[PDB]
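Visitor: Sequence, then the experimental structure. Questions to follow.
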Amino acid sequence: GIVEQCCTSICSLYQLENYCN
Amino acid sequence: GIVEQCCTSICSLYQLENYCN
Amino acid sequence: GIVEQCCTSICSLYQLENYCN
Amino acid sequence: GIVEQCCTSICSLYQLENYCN
Amino acid sequence: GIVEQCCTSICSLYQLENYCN
Amino acid sequence: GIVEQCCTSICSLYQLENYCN
Amino acid sequence: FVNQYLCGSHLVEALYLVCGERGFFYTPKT
Amino acid sequence: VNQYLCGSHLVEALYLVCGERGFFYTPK
Amino acid sequence: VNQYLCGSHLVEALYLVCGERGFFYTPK
Amino acid sequence: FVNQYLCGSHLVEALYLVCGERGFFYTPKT
Amino acid sequence: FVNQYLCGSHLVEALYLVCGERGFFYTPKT
Amino acid sequence: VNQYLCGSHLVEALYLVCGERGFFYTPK
Ligand SMILES: [Cl-]
Ligand SMILES: [Zn+2]
Ligand SMILES: [Zn+2]
C-alpha cells in the first residue's frame, strides 16, 4: 500500500521506486 | 463559504462547481 | 497517449477520466 | 488580461496584486 | 531558521524576504 | 546554470543532486 | 473526483481544474 | 503561448499574494 | 512540446479526478 | 531525498520525479 | 500576502515567487 | 525557453532530492 508506506509512515527513495513501472 | 465547505468539511465535484463563474 | 492528447490541446475532466483506473 | 500580461513577460508581486480583490 | 520562522510560526512578506539572496 | 541545463533537456535525480548543498 | 479536505493552494488548483474556461472566484474570508 | 500551464502557476501566485482578500480568475 | 512540465500538471490533474480509483502513468 | 510524510498530490509528484520515463502506478485505496 | 503556516514545498514556492530574479537559499535543517 | 515556469518545477524538484541538505537557487 502506497499511502500506508509513504503517507502515514515515511519511506525512502528505494521504497518509492517500488511504485515505478 | 469555500474554506468552510471544502477545507474544514469535504465537498464533492458538484459543490466545487458552485464557485465557478 | 495522454501526453500527446493533453499537452497539445487542453483536456477536460471527462477526457481526463478516461485515464483513471 | 492577466494571462496575456503574465504569461508572456514575467510579473512581480506588485503587478500581481493588481488582480486581487 | 526558515522552518522555525515560517512553518511552525507564521511570517510576513518582510520575513520571507530575509531568505532572498 | 541549472536553468540552462534542466529547462532544455530533462535532468534526473542524479544530475539534480549536483545542485544540493 | 477525490474525497478529501482541500485547502490552501490545493483547493485553488482544484477550482482551476474543474471550472475550466469559466474561471472562478476565491473568497476565503470568514 | 500555453495558457493552461501558465494559468495553473498564476492562480497559485495569486493565492499567495492576495491571501484573505481572494481574487477572481477570468481567462476571457 | 515540453512533456516533462506538462506531465507534472497531468499527474496532479489525474490525482484529483481519479481519487480512490488511482491511475497508471505511462509516458511511452 | 527528503525524509518526510508524502501525501495527496505531494506523493504523486514525488513519484513522477523519481520514476522518470518509467512512469508509475498510484493505487491509494485501502 | 497570505497569513498562514508555510511548509515543505509550499514554503519553497513562496520563496521562489517573492525573491524573483534574486533567487534564495533554503536551509531547513535545525 | 520559459524559465519562470521551468524554475518553479526545478525548485520543487530540488526540495525533494536535497531534503535536509537544502540548496541555493540562483537563476543568474
Ligand atoms: Cl509549467
Ligand atoms: Zn508548470
Ligand atoms: Zn500541499
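Guide: Arrived safely, thanks for sending. Numbers count the residues shown, from 1 in each chain, chains lettered A, B, ... in the order given. Ligands and ions are numbered 1, 2, ... in the order given.
Visitor: Contacts only, for residue G:12.
Guide: Applying CB atoms under 8 Å, 6 or more residues apart in numbering or on different chains, one finds that residue G:12 lies in contact with G:26, H:11-12, H:15. For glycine as for every other residue, the C-beta is placed from the backbone atoms N, C-alpha and C.
Visitor: how close does the closest residue to chain A within chain G sit to residue G:13?
Guide: Here the residue of chain G nearest chain A is residue G:4; by CB to the nearest CB that distance is 11.3 Å. Counting by CB to CB, to the nearest Å, the separation of residue G:4 from residue G:13 is 13 Å.
Visitor: repeat for residue A:9
Guide: When residue A:9 is compared with residue G:13 (using CB to CB), they lie 26 Å apart.
Visitor: what residues does chain A put near chain F?
Guide: Chain A comes close to chain F at residues residue A:13, as judged by CB under 8 Å from any CB of the partner chain.
Visitor: Show me the strands in chain A, by range?
Guide: With strands called from DSSP state E, chain A shows none.
Visitor: The closest residue in space to residue A:7 that isn't next to it in sequence: how many residues sit nearby?
Guide: Spatial nearest neighbour of residue A:7, excluding adjacent residues (CB to CB, 6 or more residues apart in numbering or on different chains): residue J:7 at 4.0 Å. Burial measure for residue J:7: 14 neighbouring residues, criterion other CB atoms under 10 Å in any protein chain shown.
Visitor: and if you look at residue A:21?
Guide: What residue A:21 shows, counting by other CB under 10 Å, is a neighbour count of 12.
Visitor: Any chance of the backbone angles for the most centrally placed residue in chain G?
Guide: Geometric centre of chain G, nearest residue: residue G:15, 2.8 Å, by CA atoms, centre = their mean. Recorded main-chain torsions at residue G:15 are phi -60, psi -50, according to degrees, to the nearest 10.
Visitor: now it, nearest residue through space, not along the chain?
Guide: Spatial nearest neighbour of residue G:15, excluding adjacent residues (CB to CB, 6+ apart): residue G:24 at 4.6 Å.
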